[PDB]
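Trainee: As a preliminary step, the opening chains of the complex are given here in situ:
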Amino acid sequence: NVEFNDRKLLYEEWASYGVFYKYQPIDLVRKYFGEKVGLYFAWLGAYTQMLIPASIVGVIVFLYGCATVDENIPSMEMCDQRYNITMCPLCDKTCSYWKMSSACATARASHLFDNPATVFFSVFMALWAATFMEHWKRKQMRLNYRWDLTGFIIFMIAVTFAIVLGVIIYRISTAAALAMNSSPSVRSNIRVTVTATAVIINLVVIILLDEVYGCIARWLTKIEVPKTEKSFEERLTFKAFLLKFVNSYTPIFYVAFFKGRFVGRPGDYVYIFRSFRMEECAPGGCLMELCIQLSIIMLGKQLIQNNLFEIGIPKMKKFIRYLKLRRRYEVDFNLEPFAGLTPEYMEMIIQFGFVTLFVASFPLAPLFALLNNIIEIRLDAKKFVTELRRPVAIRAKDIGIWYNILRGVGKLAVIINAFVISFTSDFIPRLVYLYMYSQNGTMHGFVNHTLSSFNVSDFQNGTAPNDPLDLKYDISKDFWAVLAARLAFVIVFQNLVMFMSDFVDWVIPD
């Protein structure tokens, strides 16, 4: 019914602004596009429906930490005046009050969720991800039943990856190049949109850099010469992912663990509380999650930015054919062949890496990924009727070639956030005990404000340099206190979660 299959997909697949408002059609795609193309959406369909429960919990989190501080303002004023020492050696009557508590307005949306909301939420995602991956494993068996009733050389890349890990250099350059663009020496508007430049300065850059590799790995496999032609994508995707994986997440890891650390600068409290970009960004504090929130914020939303290119790039090629034009398959000769399925999943799993891996930075991470998918489903299936004049109807099944690859990213989901979730909200649940050991417990966690902050910082240059207090040398050893505690979490976390996650694919897959 091409008068219908078009229009039924023309008309039951052009919601294109939000939901269809009716349902989600699957089986009919299985008749028109075959098995493979349809089995994409049936995955992309399940990927959305599972975000909803976890997405909503995000809004339940923001409402938590906000309303956990919106009503009795518990950790605002005590938190709005812990930074007000942060520039004391910097004041010295000269440049005294510039940004001492400037972190406060920036400290809120971080310092609002950490212990109860973030440290919780990751445990649901990892438990969720196993729920998801276990769910799809079975739901794939369902549609597998319907069709099953109706089925009648290597070291060269190792140098290439090390090439990619030099991309950290590339982020640093334009990060150093924020000065030549606007140079905002302010607190209200200069903090945000200063880094957001180099982000958008850079986050554009990876985009053009992305399809570079697609011509790279495509030929870089040809040196391998895979015997079975069908297994070419295996050596293709498996190469194509790892490239694009570390191509994308790498800046975040630089802004996740490495940026704050690795800070060697002598000179004590006389010499520390000023030496920071020549005192024009934040003499008080960094609050790296803000940089970590933001840079994911774009990447969560830049999946919409580049999204229009998915419709814009193909229609833009019409300018080429139309230009040659003035300067039933008859008209069908003037549209690109499909040749594009792995980019379809590939857009998703680079999205899936954000939902699960970096999930203790901001809990709303599922939510932005849910907004795109409603567009992502509606854009793509649009692109199959609107564009892609030649469906192959390959009519294979069994998406497992990705099922490991998506599942593997689930396997990373526990270590990474574990360090994220450990090294940012674990001064507090043990700093109850150094200071408030006598009669000050969980109702007295608002006591370590000036005490824990009386020193240089909280990080590696936070506890070591305390010698001129009383006399690095004789005092950097309380550093060993927490750095066991940070560690002690992970050995508690990944073991439980990897076991708790072991529940889900233990009774549910059967």
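Mentor: Yes, it's here. Residues are numbered from 1 along each chain as shown, chains lettered A, B, ... in the order given.
Trainee: helix, strand or coil for residue A:96?
Mentor: Reducing the assignment at residue A:96 to three states with DSSP: H, G, I helix; E, B strand; the rest coil gives coil.
Trainee: got a list of what it touches?
Mentor: A:87, A:90 (Cβ atoms under 8 Å, 6 or more residues apart in numbering). For the C-beta atoms, the positions are set from N, CA and C on the backbone; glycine is no exception.
Trainee: go with 6 Å
Mentor: Not one residue lies near residue A:96 by Cβ atoms under 6 Å, 6 or more residues apart in numbering.
Trainee: Give me the distance between it and residue A:283.
Mentor: Distance of residue A:96 to residue A:283, computed by Cβ to Cβ, to the nearest Å: 10 Å.
Trainee: With residue A:502 instead?
Mentor: On the measure of Cβ to Cβ, residue A:502 and residue A:283 end up 48 Å apart.
Trainee: Tell me which of the two has more neighbours.
Mentor: Using other Cβ atoms under 10 Å, the more surrounded residue of residue A:502 and residue A:283 is residue A:283, with 24 against 11.
Trainee: Check which helix or strand that one maps to.
Mentor: Here residue A:283, judged by DSSP states H and E, is contained in no helix and no strand.
Trainee: Helices of the stretch 51-200 of chain A, residue ranges please.
Mentor: Assigned by DSSP state H, counting those that start in this stretch, the stretch 51-200 of chain A shows helices spanning A:77-80, A:88-91, A:103-107, A:119-148, A:155-165, A:167-176, A:195-203.
Trainee: what's the burial count for residue A:489?
Mentor: 20.
Trainee: Check the one 5 residues further on too.
Mentor: Neighbour count for residue A:494, taken as other Cβ under 10 Å: 18.
Trainee: among the helices of the stretch 51-200 of chain A, which is the most enclosed?
Mentor: For the helices of the stretch 51-200 of chain A, the largest average neighbour count (mean count of other Cβ atoms under 10 Å) is found in helix A:103-107, namely a mean of 21.
Trainee: Restricting to C-alpha, output it in CSV.
Mentor: Provided in CSV are the C-alpha atoms of helix A:103-107 (Å, rounded to 0.1, in the frame of the first residue of the first chain):
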residue,chain,number,x,y,z
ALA,A,103,31.1,30.7,44.7
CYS,A,104,27.9,31.0,46.8
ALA,A,105,25.5,31.7,44.0
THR,A,106,27.4,29.1,42.0
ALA,A,107,27.7,26.8,45.1
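Trainee: Show residues contacting that helix.
Mentor: Contacts of helix A:103-107 (Cβ under 6 Å, 6+ apart): A:79-80, A:83, A:284-285, A:287, A:290.
Trainee: rerun at 8 Å
Mentor: Contacts of helix A:103-107 (Cβ under 8 Å, 6+ apart): A:76, A:79-80, A:83, A:86, A:188, A:191, A:282, A:284-285, A:287, A:290.
Trainee: Put this one in as chain B:
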Amino acid sequence: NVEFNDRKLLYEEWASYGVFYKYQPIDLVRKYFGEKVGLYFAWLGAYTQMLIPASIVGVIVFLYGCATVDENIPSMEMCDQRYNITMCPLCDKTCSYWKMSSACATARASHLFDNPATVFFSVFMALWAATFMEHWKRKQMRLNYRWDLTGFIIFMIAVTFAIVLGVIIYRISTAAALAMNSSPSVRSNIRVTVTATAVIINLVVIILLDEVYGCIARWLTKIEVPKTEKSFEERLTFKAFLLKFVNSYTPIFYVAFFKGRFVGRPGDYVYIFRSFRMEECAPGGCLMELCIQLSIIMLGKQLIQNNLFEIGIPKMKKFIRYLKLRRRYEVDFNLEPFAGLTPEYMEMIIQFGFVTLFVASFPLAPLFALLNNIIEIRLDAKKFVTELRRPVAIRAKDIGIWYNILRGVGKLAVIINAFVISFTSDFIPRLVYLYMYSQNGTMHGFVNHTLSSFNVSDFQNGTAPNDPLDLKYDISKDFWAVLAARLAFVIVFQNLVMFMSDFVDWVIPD
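Mentor: Placed with the earlier chains, chain B looks like this:
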């Protein structure tokens, strides 16, 4: 050929003291006993052949640490005079020289292997175990090919386990009951055979306690009423193991981590170096591995002690029938039906738990398990011809019901020893750095003898109480130094090994 099948198994299966001296027969059992009974031995066959390479490495270890100290005596005299302070506050002119270095003769076979030999060897076993489990996974496919060419309610147990974990109490009782038996207040002969009493006092006890559960879980499943009759053993074995698992390994965990720790006793160096069983076992030191070596030593060898009961218990029932006797299947009416396959594997996996789980205490652990198997194979198959007059010839395949269960124990193999391998040989590889930081490295690890030992002990009551030195309160914080390091190992270990082990079932199973 019953005139041959008997005699061929009568004669090619009564080596019964050592090897057959010829070969190992498998396929013929597959003809006589069928598929199931034979597929046991084909497992038990592979379980031995894989111990040999790992067994030998054990002897290569003892030879290592011994000959690493047998020739230049490196860590004997320096180690024979670290304990010679251990009773200094205990001497005080009254009861001075009793057992100050008594640990020395006991310290040798422990303090001989630790850093290079033990910390190595576990990495091979875990890598070995995955090699084994990966090997059998494929070798099972081999014999699977031959036969495949020729195939033409729950919370109640949770209370029961908690009942079992009270068995730690049971070990403590007769452990307290060593005084009423001989009471050896000596160092040469009193140290060993004092604990060995309560071991043999207890290690007998679990034996009679074992088959108690077999009547327990057998009925305790009947309340479940499994629908499929064949899946009864599943709810049977899976219950039967976990009971017998924690029934056996539990004393070791008490003597592994919990015994040394949990020691709260105030009074400083004036009050510490004596208060130990009223000063009659070892005022110097514990060296818990000795207790840990010994109690495994019996259990490695008690698989031979109870072994003769496997032949002794059945023939002992002949005293009952013969007594009624004087006080071709004709004579066949007077022998017990088989009804015993799960105990067959069950003897093994309780053995396998010792090879892999507790493998950093003494590396020879595979070796004692290899001596039994040559007897275990020859005893059992003897028991099928000699006894068990009624073979069923069930003629199923596919041992996977245990393949998880044996593999699961492999999964525990990495955490447990990791703490064993961490909390016993990791003062040393970082105690190079507190004391010998200037010009004393790996060639100067013999410098921390008196220094690291100058304090109370090395354990939790080893570093905290140092206040009367200079002034628990002000000094228990170097405790945080190593206790990060102990932790830092595990988060390094189980991740690598679980990945390194991930290699083996990644190219080899295919």
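Trainee: Chain B added, so what about the contacts of helix A:103-107 now?
Mentor: A:76, A:79-80, A:83, A:86, A:188, A:191, A:282, A:284-285, A:287, A:290 (Cβ atoms under 8 Å, 6 or more residues apart in numbering or on different chains).
Trainee: which residue is nearest the centroid of chain A?
Mentor: Using Cα atoms, centre = their mean, the residue of chain A that lies closest to the mean C-alpha position is residue A:354, 2.8 Å off.
Trainee: Phi and psi next, for that one.
Mentor: Taking degrees, to the nearest 10, you get phi -90, psi -40 for the backbone angles of residue A:354.
Trainee: For it, give me its contacts.
Mentor: Applying Cβ under 8 Å, 6+ apart to residue A:354 gives the contacts A:296, A:299-300, A:365, A:369.
Trainee: from memory residue A:504 sits against residue A:132, does it?
Mentor: No: using Cβ atoms under 8 Å, residue A:504 is not in contact with residue A:132; the gap is 9.2 Å.
Trainee: Tell me the buried residues within the contacts of residue A:354.
Mentor: A:296, A:299-300, A:365, A:369 (16 or more other Cβ atoms under 10 Å in any protein chain shown).
Trainee: of the residues you listed, closest to residue A:44?
Mentor: Set against residue A:44, the nearest of those by Cβ to Cβ is residue A:369 (11.9 Å).
Trainee: any idea how far that closest one lies from residue A:38?
Mentor: 22 Å.
Trainee: By proximity to chain B, which residue of the stretch 301-450 of chain A wins?
Mentor: Residue nearest to chain B within the stretch 301-450 of chain A: residue A:415 (7.4 Å; Cβ to the nearest Cβ).
Trainee: what about residue A:343, which helix or strand?
Mentor: Using DSSP H and E, residue A:343 sits in helix A:341-356.
Trainee: Pull the number of nearby residues for the residue of chain A found nearest chain B.
Mentor: Taking Cβ to the nearest Cβ, chain B has its nearest neighbour within chain A at residue A:484, 3.8 Å off. Residue A:484 has 21 neighbours, counted by other Cβ atoms under 10 Å in any protein chain shown.
Trainee: Might one say that it is in contact with residue B:477?
Mentor: No: contact criterion Cβ under 8 Å: residue A:484 and residue B:477 do not qualify, at 10.8 Å.
Trainee: what are the ranges of the strands in the stretch 401-510 of chain A?
Mentor: With DSSP state E, counting those that start in this stretch, there are no strands along the stretch 401-510 of chain A.
Trainee: picking that back up, in whichever helix or strand comes after the helix holding residue A:343, what counts as buried?
Mentor: Where DSSP H and E defines the elements, the next helix or strand beyond helix A:341-356 is helix A:365-386. Buried positions in helix A:365-386, judged by neighbour count with 16+ other Cβ under 10 Å: A:365-386.
Trainee: what residues does chain A put near chain B?
Mentor: A:415, A:477-478, A:480-481, A:483-484, A:487-488, A:490-491, A:494-495 (Cβ under 8 Å from any Cβ of the partner chain).
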